[PDB]
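Take a look at this one chain, the form solved without the named molecule, written out in structure tokens.
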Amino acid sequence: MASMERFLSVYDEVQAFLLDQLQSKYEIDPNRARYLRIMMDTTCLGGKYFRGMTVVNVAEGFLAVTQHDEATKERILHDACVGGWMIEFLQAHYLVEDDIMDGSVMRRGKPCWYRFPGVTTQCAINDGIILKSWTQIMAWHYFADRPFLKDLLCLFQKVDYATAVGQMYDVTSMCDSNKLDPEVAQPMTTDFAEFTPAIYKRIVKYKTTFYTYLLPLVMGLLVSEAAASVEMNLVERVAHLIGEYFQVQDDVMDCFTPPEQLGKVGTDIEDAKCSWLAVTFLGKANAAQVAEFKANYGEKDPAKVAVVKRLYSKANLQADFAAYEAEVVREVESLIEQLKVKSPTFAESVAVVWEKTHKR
């Protein structure tokens, strides 16, 4: 069976399971079950399923080199799929809540969940809670007797937490740290002293890399009972690097990809985000250019946005991006090499992960 069709089939299985359990154990009625089915579909489906399919890919790699009964191959693949959906539903929780936080309008060329007419923020915050709660519901159902259950739950737990810490780093990235204070409305930074590569790295590492790259990789290892074919510190380092690169591309697209292609109208500039463009700009601009940036960034006025975009366009950020990209290639290739010492197979799964990121 092709991997994607397996993975989509398991979605239907997991859906049915969750909704049947709501009827048998949680006294749900058919209309609320329908609302939840629609919510689940709308918020979990329609992306590329990169994250969830990485779990399946890493497990397939191990199957090709490990002796097992057919029923065991099927069970490992089923578990990789359930695990992959846990990550997809975790992502869905965070997109639902982040869209509400940020006042976002669209996602993937469709309205954000909370904007649907019969949803509203009042419901959608709770729908996002439910999303994450289903990850747990899946795990304990499907993995109840499995030897990797504790390590999977503890891993998932840590990644969830890291992610919520990363959101905190993201939404606060335009304020001066020394002024953070629940009692005082937060001004935007005027110095931009905190728009540094290391601060940017920290945001990205926590907000994106743990759930996008670390968790799918390590979940493939866990459902394959293969965590001893790797040096876990290498897996972390390679996840953090590739995840960085992913986010750099996302930041560039926010500013420069046409909205019809991007699936939304990018607002990083108006939102005063600590983006790769802003940090890279401030790391090379002259005094006059920095002063123009400060007078225009983080403002809704389209004239001011156009000025920041112009400043980026003239600062030859393509050169910095090339150089960055070239360095990420060296470093990711070096980690891949390292990973071969203990597992050629795992090393190749990582190379696929890198190719899919590096080309897209």
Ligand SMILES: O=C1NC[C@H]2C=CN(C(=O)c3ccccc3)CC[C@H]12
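Throughout, we count residues from 1 along the sequence that is shown.
This next part talks about the form deposited with the named molecule bound, which is not shown.
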4.5 angstroms heavy atom contact with the named molecule in the deposited bound form for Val230: yes
The named molecule contact in the deposited bound form: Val65, any heavy atom under 4.5 Å: yes
Heavy atom of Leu221 within 4.5 Å of the named molecule in the deposited bound form: yes
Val238: touches the named molecule in the deposited bound form, heavy atom cutoff 4.5 angstroms: no
Those residues of 161-186 which, in the deposited bound form, come within 4.5 Å of the named molecule by heavy atom: none
